[PDB]
$ cat input_6.pdb   # PDB, N, CA, C and O atoms
ATOM      1  N   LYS A   1      -6.418  -9.342   7.776
ATOM      2  CA  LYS A   1      -6.205  -7.970   7.230
ATOM      3  C   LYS A   1      -5.293  -8.031   6.002
ATOM      4  O   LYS A   1      -5.729  -7.851   4.883
ATOM      5  N   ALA A   2      -4.029  -8.288   6.204
ATOM      6  CA  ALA A   2      -3.089  -8.365   5.048
ATOM      7  C   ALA A   2      -3.041  -9.796   4.504
ATOM      8  O   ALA A   2      -1.997 -10.413   4.443
ATOM      9  N   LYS A   3      -4.165 -10.327   4.108
ATOM     10  CA  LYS A   3      -4.184 -11.717   3.569
ATOM     11  C   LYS A   3      -5.108 -11.803   2.351
ATOM     12  O   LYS A   3      -5.954 -12.671   2.256
ATOM     13  N   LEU A   4      -4.945 -10.909   1.415
ATOM     14  CA  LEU A   4      -5.799 -10.928   0.195
ATOM     15  C   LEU A   4      -4.930 -10.790  -1.049
ATOM     16  O   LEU A   4      -4.611 -11.753  -1.717
ATOM     17  N   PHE A   5      -4.544  -9.591  -1.352
ATOM     18  CA  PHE A   5      -3.686  -9.350  -2.548
ATOM     19  C   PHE A   5      -2.272  -9.887  -2.292
ATOM     20  O   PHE A   5      -2.070 -10.759  -1.472
ATOM     21  N   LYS A   6      -1.295  -9.373  -2.986
ATOM     22  CA  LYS A   6       0.099  -9.858  -2.776
ATOM     23  C   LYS A   6       1.060  -8.673  -2.668
ATOM     24  O   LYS A   6       2.228  -8.777  -2.987
ATOM     25  N   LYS A   7       0.582  -7.548  -2.218
ATOM     26  CA  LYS A   7       1.474  -6.362  -2.087
ATOM     27  C   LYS A   7       1.076  -5.539  -0.859
ATOM     28  O   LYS A   7       0.043  -4.899  -0.839
ATOM     29  N   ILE A   8       1.885  -5.550   0.167
ATOM     30  CA  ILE A   8       1.546  -4.766   1.390
ATOM     31  C   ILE A   8       2.715  -3.859   1.787
ATOM     32  O   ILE A   8       2.531  -2.835   2.416
ATOM     33  N   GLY A   9       3.915  -4.223   1.428
ATOM     34  CA  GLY A   9       5.086  -3.377   1.789
ATOM     35  C   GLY A   9       5.533  -2.572   0.568
ATOM     36  O   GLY A   9       6.452  -1.781   0.635
ATOM     37  N   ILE A  10       4.895  -2.772  -0.551
ATOM     38  CA  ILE A  10       5.289  -2.026  -1.777
ATOM     39  C   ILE A  10       4.156  -1.110  -2.239
ATOM     40  O   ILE A  10       4.309  -0.337  -3.163
ATOM     41  N   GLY A  11       3.022  -1.194  -1.610
ATOM     42  CA  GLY A  11       1.886  -0.328  -2.025
ATOM     43  C   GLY A  11       1.713   0.805  -1.020
ATOM     44  O   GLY A  11       1.041   1.778  -1.280
ATOM     45  N   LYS A  12       2.320   0.686   0.124
ATOM     46  CA  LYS A  12       2.193   1.760   1.150
ATOM     47  C   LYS A  12       2.919   3.022   0.683
ATOM     48  O   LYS A  12       2.537   4.127   1.012
ATOM     49  N   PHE A  13       3.962   2.867  -0.083
ATOM     50  CA  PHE A  13       4.710   4.057  -0.573
ATOM     51  C   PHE A  13       3.826   4.885  -1.495
ATOM     52  O   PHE A  13       3.430   5.989  -1.180
ATOM     53  N   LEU A  14       3.517   4.350  -2.631
ATOM     54  CA  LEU A  14       2.651   5.089  -3.595
ATOM     55  C   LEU A  14       1.379   5.555  -2.892
ATOM     56  O   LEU A  14       0.763   6.532  -3.270
ATOM     57  N   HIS A  15       0.992   4.864  -1.861
ATOM     58  CA  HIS A  15      -0.234   5.259  -1.106
ATOM     59  C   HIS A  15       0.073   6.464  -0.224
ATOM     60  O   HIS A  15      -0.592   7.479  -0.280
ATOM     61  N   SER A  16       1.081   6.352   0.592
ATOM     62  CA  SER A  16       1.446   7.488   1.483
ATOM     63  C   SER A  16       1.839   8.697   0.641
ATOM     64  O   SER A  16       1.525   9.826   0.960
ATOM     65  N   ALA A  17       2.515   8.457  -0.439
ATOM     66  CA  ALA A  17       2.936   9.576  -1.330
ATOM     67  C   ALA A  17       1.713  10.396  -1.750
ATOM     68  O   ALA A  17       1.668  11.598  -1.570
ATOM     69  N   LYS A  18       0.719   9.757  -2.305
ATOM     70  CA  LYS A  18      -0.501  10.501  -2.729
ATOM     71  C   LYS A  18      -1.320  10.901  -1.504
ATOM     72  O   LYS A  18      -2.166  11.771  -1.559
ATOM     73  N   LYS A  19      -1.065  10.270  -0.398
ATOM     74  CA  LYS A  19      -1.815  10.603   0.849
ATOM     75  C   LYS A  19      -1.575  12.066   1.225
ATOM     76  O   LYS A  19      -2.487  12.867   1.276
ATOM     77  N   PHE A  20      -0.347  12.415   1.488
ATOM     78  CA  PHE A  20      -0.031  13.821   1.861
ATOM     79  C   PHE A  20       0.128  14.674   0.596
ATOM     80  O   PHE A  20       1.224  14.860   0.103
TER      81      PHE A  20
END

$ encode --input "input_6.pdb" --output "structure tokens"
Amino acid sequence: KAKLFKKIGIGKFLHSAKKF
């Protein structure tokens, strides 16, 4: 799952932010 790009703990923010 988390074994492709190099950002998993720094992309969840900008993601959750635009999520709600």

$ axis_aligned_box --input "input_6.pdb" --around "region 7-18 of chain A" --padding-each-side "8 Å" --output "lines of an AutoDock Vina configuration file"
center_x = 2.1
center_y = 2.1
center_z = -0.6
size_x = 24.6
size_y = 35.3
size_z = 22.0

$ select_by_dssp --input "input_6.pdb" --residues "chain A" --states "alpha helix (DSSP H)" --output "number ranges by chain"
A: 12-19

$ atom_distance --input "input_6.pdb" --atom1 "CA of residue 18 (chain A)" --atom2 "atom O of residue 2 (chain A)"
22.2 Å

$ atom_distance --input "input_6.pdb" --atom1 "atom O of residue 4 (chain A)" --atom2 "atom O of residue 19 (chain A)"
24.9 Å

$ atom_distance --input "input_6.pdb" --atom1 "atom O of residue 17 (chain A)" --atom2 "atom O of residue 3 (chain A)"
25.7 Å

$ decode --input "input_6.pdb" --residues "region 1-16 of chain A" --atoms "N, CA, C and O atoms" --output "short mmCIF file (atom, residue, chain, number, x, y, z; two decimals), in the first residue's frame"
data_model
loop_
_atom_site.label_atom_id
_atom_site.label_comp_id
_atom_site.auth_asym_id
_atom_site.auth_seq_id
_atom_site.Cartn_x
_atom_site.Cartn_y
_atom_site.Cartn_z
N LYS A 1 0.86 -1.22 0.00
CA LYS A 1 0.00 0.00 0.00
C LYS A 1 0.88 1.25 0.00
O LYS A 1 0.98 1.95 -0.99
N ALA A 2 1.51 1.54 1.10
CA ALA A 2 2.39 2.75 1.17
C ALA A 2 3.81 2.39 0.73
O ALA A 2 4.76 2.57 1.46
N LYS A 3 3.96 1.88 -0.46
CA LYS A 3 5.32 1.51 -0.95
C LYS A 3 5.50 1.92 -2.41
O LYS A 3 5.92 1.14 -3.24
N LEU A 4 5.17 3.14 -2.74
CA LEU A 4 5.31 3.61 -4.14
C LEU A 4 6.01 4.97 -4.16
O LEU A 4 7.20 5.07 -4.41
N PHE A 5 5.28 6.00 -3.90
CA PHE A 5 5.87 7.37 -3.89
C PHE A 5 6.78 7.53 -2.67
O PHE A 5 7.28 6.57 -2.12
N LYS A 6 7.00 8.75 -2.24
CA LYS A 6 7.87 8.96 -1.05
C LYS A 6 7.22 9.96 -0.09
O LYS A 6 7.89 10.65 0.65
N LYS A 7 5.92 10.02 -0.08
CA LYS A 7 5.23 10.97 0.84
C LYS A 7 3.92 10.36 1.33
O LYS A 7 2.97 10.22 0.59
N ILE A 8 3.85 9.98 2.58
CA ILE A 8 2.60 9.38 3.12
C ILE A 8 2.15 10.11 4.39
O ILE A 8 0.98 10.13 4.72
N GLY A 9 3.06 10.71 5.10
CA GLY A 9 2.68 11.44 6.34
C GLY A 9 2.65 12.94 6.07
O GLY A 9 2.32 13.73 6.93
N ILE A 10 2.99 13.34 4.88
CA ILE A 10 2.99 14.80 4.55
C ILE A 10 1.95 15.11 3.47
O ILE A 10 1.72 16.25 3.14
N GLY A 11 1.33 14.10 2.93
CA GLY A 11 0.32 14.35 1.87
C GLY A 11 -1.08 14.16 2.44
O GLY A 11 -2.06 14.57 1.86
N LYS A 12 -1.17 13.56 3.59
CA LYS A 12 -2.51 13.35 4.21
C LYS A 12 -3.11 14.68 4.66
O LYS A 12 -4.31 14.87 4.67
N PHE A 13 -2.27 15.62 5.02
CA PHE A 13 -2.79 16.94 5.46
C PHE A 13 -3.48 17.65 4.30
O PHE A 13 -4.68 17.84 4.29
N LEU A 14 -2.72 18.03 3.33
CA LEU A 14 -3.31 18.72 2.15
C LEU A 14 -4.47 17.90 1.60
O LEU A 14 -5.39 18.42 0.99
N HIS A 15 -4.44 16.62 1.82
CA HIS A 15 -5.54 15.74 1.32
C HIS A 15 -6.76 15.90 2.22
O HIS A 15 -7.85 16.18 1.77
N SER A 16 -6.58 15.71 3.50
CA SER A 16 -7.73 15.85 4.44
C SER A 16 -8.26 17.27 4.39
O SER A 16 -9.45 17.51 4.45
#
